[PDB]
Amino acid sequence: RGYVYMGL
Amino acid sequence: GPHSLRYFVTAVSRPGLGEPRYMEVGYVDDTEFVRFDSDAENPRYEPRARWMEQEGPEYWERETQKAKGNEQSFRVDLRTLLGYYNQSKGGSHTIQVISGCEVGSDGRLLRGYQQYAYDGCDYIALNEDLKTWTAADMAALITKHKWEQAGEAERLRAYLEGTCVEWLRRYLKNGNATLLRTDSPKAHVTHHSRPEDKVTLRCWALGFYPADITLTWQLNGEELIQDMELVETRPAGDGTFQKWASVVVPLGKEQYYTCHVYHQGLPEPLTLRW
Amino acid sequence: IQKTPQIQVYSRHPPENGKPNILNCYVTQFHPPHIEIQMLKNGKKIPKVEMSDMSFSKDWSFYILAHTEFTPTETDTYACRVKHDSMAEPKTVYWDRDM
Ligand SMILES: *[C@@H]1O[C@H](CO[C@@H]2O[C@@H](C)[C@@H](O)[C@@H](O)[C@@H]2O)[C@@H](O[C@@H]2O[C@H](CO)[C@@H](O)[C@H](O)[C@H]2NC(C)=O)[C@H](O)[C@H]1NC(C)=O
Ligand SMILES: *O[C@@H]1O[C@H](CO)[C@H](O[C@H]2O[C@H](CO)[C@H](O)[C@H](O)[C@H]2O)[C@H](O)[C@H]1O
Ligand SMILES: *[C@@H]1O[C@H](CO)[C@@H](O)[C@H](O)[C@H]1NC(C)=O
């Protein structure tokens, strides 16, 4: 299952 | 042996051509198993490996909503980075991420990771401790501080040690017949003429799995890992791989060279001559 | 910066006129990601081309495979035409069945 990325 | 769950994410801006292209490709070891591509009306997360049919409606729905949220995050990131770097609003730019985890034969975490890149150059990365970040330039440093204050590290490590590890084991379970198989290489050797009374001997290795393999040419026991040419191992379209390696030997001295193929599907290594 | 793509065209099995096979076109080590890959049979674009195995190496260079099923014939010729920013002129690599 994929991760939910946080903004740069 | 050890296994890995990897996610390759790419977001490319295309000024004057609409919204940026967003793509997520999933891998369990060497075989692709999932993918999301923004270029398509009704873009959704789709299975890429047969065994993923064992998932169910819910799985696909959630991953899709998740992927669409990420798509918007990187859309914003591209604009943000134009600010960090002081760049034109009309040039094309790329952001990349490789996230994942590797477990031992027993299924326990060996390592987790996440590395970002902007325009083909390192940006920010999670250190092996899973607690800190290492920024490649002053732009990435702004991102590092934001993430430190927000506590992004704990959230990412919770995923790496938790979600990533548990789902990797599940995929391995459901796709055991394919992910845990061993396809032995089938070797061949070709010869091609050359100008100065020399010849090109090429050793082929076909239909293997997993990808890792070693090919070498020897001259009376000594490895010729120098004047030897080769290509990186390549996927062949059905879940297997191939590779070739060659040496340029003097005409009429061919029988003095041997190709050695080492692989998981080879109890004893293969030796070929022309 | 900018990296020119390495195009590689190969079959899954050793060719044998009449027996079904899979033709591949692996485009690698390129950057930026935008690229156009076309597989041709006797100079004509092949319809059912599948794009897969997209990935990038440690140096961030891109990799992607294009493949299709084909029943080889001694007459038919196949190639792969690629368009990338690193080249003003599109590059076509042919299928050398005797390589
Ligand atoms: C792969 O494993 C299966 C067992 O089923 C797996 O585990 C389930 C919980 C589920 O995740 C399935 O999708 C998986 O396929 C093996 O088949 C079984 O083998 C045992 C003998 O050990 C036998 O008692 C069962 O009847 C078999 N079938 C099932 C449906 O259980 C299968 O052989 C494994 N394949 C490989 C290549 O190792
Ligand atoms: O990125 C930020 O991470 C922190 C982690 O300390 C917070 O996330 C926590 O709470 C949310 C609830 O929406 C989730 O449960 C996370 O798993 C959890 O780490 C913060 O809300 C995030 O924005
Ligand atoms: C950014 O680029 C502009 C030119 O486009 C320049 O005038 C300026 O000095 C640069 N730096 C900053 C911080 O704006």
Side-chain angles (χ1 to χ4, degrees), chain A, chain B residues 1-3 5 7 9 15 28-31 33-34 47-60 62-63 65-66 68-70 72-74 76-93 97 99 101 103 105-107 112 114 116 118-119 124-126 129-133 137-184 207-210 238-240 264-265:
Chain A
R1 190 123 75 121
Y3 186 52
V4 170
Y5 309 93
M6 143 138 353
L8 306 177
Chain B
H3 296 273
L5 171 57
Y7 284 96
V9 177
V28 179
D29 288 348
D30 296 314
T31 55
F33 82 115
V34 292
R48 302 293 294 140
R50 188 81 179 239
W51 50 271
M52 279 308 272
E53 67 199 345
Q54 296 166 48
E55 282 304 338
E58 302 71 36
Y59 179 87
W60 300 113
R62 189 169 180 171
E63 285 300 87
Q65 298 183 335
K66 175 184 298 181
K68 288 184 178 179
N70 280 340
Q72 297 314 306
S73 279
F74 290 82
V76 176
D77 292 348
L78 288 164
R79 198 265 184 204
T80 300
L81 294 195
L82 258 56
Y84 286 170
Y85 296 92
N86 188 35
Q87 289 166 149
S88 182
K89 283 194 171 184
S92 188
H93 297 276
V97 197
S99 293
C101 56
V103 295
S105 306
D106 64 3
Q114 188 195 241
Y116 274 88
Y118 186 48
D119 286 335
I124 199 176
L126 185 67
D129 64 357
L130 309 182
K131 294 320 302 171
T132 39
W133 306 97
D137 59 42
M138 282 188 281
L141 186 53
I142 303 162
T143 302
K144 181 182 192 296
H145 292 158
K146 291 182 177 196
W147 292 6
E148 280 175 22
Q149 309 302 290
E152 173 61 10
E154 300 95 272
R155 184 179 75 97
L156 174 57
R157 81 170 310 219
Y159 163 75
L160 259 5
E161 310 180 327
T163 310
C164 192
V165 166
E166 308 194 300
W167 280 87
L168 171 57
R169 300 197 283 221
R170 174 173 163 90
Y171 298 143
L172 285 167
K173 192 174 97 88
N174 299 335
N176 67 316
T178 134
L179 298 163
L180 300 180
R181 85 192 188 274
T182 306
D183 294 344
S184 313
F208 50 93
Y209 190 78
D238 59 351
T240 57
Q264 189 175 126

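When a ligand or atom number is given, it counts from 1 through the structure's own listing order. Letters A, B, ... are given to chains in the order of the sequence lines, protein chains preceding strands, and every chain is numbered from 1.
In terms of protein heavy-atom proximity, atom 11 (O) of ligand 1 is nearest to B:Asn174 OD1, 3.2 Å. Scanning all protein heavy atoms for the shortest distance to atom 16 (C) of ligand 2 gives B:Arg155 CD, 4.2 Å. At the top of the distance list for atom 32 (C) of ligand 1, counting protein heavy atoms only, stands B:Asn176 ND2, 3.8 Å. In terms of protein heavy-atom proximity, atom 13 (O) of ligand 1 is closest to B:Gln54 OE1, 2.9 Å. Distance from atom 5 (C) of ligand 2 to its nearest protein heavy atom, with residue and atom name: B:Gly151 O, 3.9 Å. Shortest contact from atom 7 (C) of ligand 2 to any protein heavy atom: B:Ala150 O, 4.9 Å. Considering only non-hydrogen protein atoms, atom 5 (O) of ligand 3 sits nearest to B:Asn86 ND2, 4.9 Å.
Classification of the B:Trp51-B:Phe33 ring pair by plane angle, with boundaries at 30° and 60°, yields parallel.
Less than 4.0 angstrom separates atom 3 (C) of ligand 1 from at least one non-hydrogen atom of the protein. For atom 24 (O) of ligand 1, no protein heavy-atom neighbour is found at a distance under 4.0 Å. There is a protein heavy atom closer than 4.0 angstrom to atom 9 (C) of ligand 1. By the definition of a contact as any protein heavy atom under 4.0 Å away, atom 36 (C) of ligand 1 is in contact. Proximity of atom 7 (O) of ligand 3 to the protein is not indicated, since no non-hydrogen protein atom lies closer than 4.0 angstrom. Distance check for atom 11 (N) of ligand 3: a protein heavy atom is found below 4.0 Å. Taking a distance limit of 4.0 Å, we find that atom 22 (C) of ligand 2 is approached by some protein heavy atom. Atom 2 (O) of ligand 3 lies below 4.0 Å from at least one non-hydrogen atom of the protein. Atom 3 (O) of ligand 2 is approached by the protein to below 4.0 angstrom, counting heavy atoms only.
Residues B:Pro210 and B:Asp29 are not in side-chain contact: their nearest non-hydrogen atoms beyond the backbone lie 4.5 Å or more apart. Proximity of B:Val97 to B:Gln114: side-chain heavy atoms (C-beta onward) are separated by under 4.5 Å at one or more points. Counting only heavy atoms from C-beta outward, the side chains of B:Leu126 and B:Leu160 approach each other to under 4.5 Å. Two residues are said to be in side-chain contact when any heavy atoms from C-beta on lie closer than 4.5 Å; B:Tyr84 and B:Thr143 meet this criterion. Within the 4.5 Å cutoff, the side chain of B:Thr31 has heavy atoms near those of the B:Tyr209 side chain. Taking 4.5 Å as the limit, some side-chain heavy atom of B:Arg181 sits within range of a side-chain heavy atom of B:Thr178. Within the 4.5 Å cutoff, the side chain of B:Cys101 has no heavy atoms near those of the B:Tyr159 side chain.
Residue contacts with ligand 1, taken as heavy atom pairs separated by less than 4.0 Å, do not involve B:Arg181 at all.
In the vicinity of B:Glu152, heavy-atom distances shorter than 4.0 Å reach the ligand 2 atoms 1 (O).
Looking at B:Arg170 and B:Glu166, no side-chain N of the basic residue comes within less than 4.0 Å of a carboxylate O on the acidic one, giving no salt bridge. For B:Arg157 and B:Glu154, the salt-bridge test fails: no basic side-chain N is under 4.0 Å from an acidic carboxylate O.
For the pair B:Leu180 and ligand 1, no heavy-atom separation below 4.0 Å is found. Remark: distances from the non-hydrogen atoms of A:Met6 to ligand 2 include one below 4.0 Å.
No side-chain donor from either of B:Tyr171 and A:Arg1 sits under 3.5 Å from a side-chain acceptor of the other.
The backbone N or O of A:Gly7 lies less than 3.5 Å from a partner atom in the side chain of B:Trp147, making a donor-acceptor pair.
The closest non-hydrogen atom to atom 7 (O) of ligand 1, taken over B:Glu53, B:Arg170, B:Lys173, comes from B:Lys173.
Tested against B:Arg50, the residues B:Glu53, B:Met52, B:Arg48 include a single side chain to side chain contact (heavy atoms under 4.5 Å, CB included) partner, B:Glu53.
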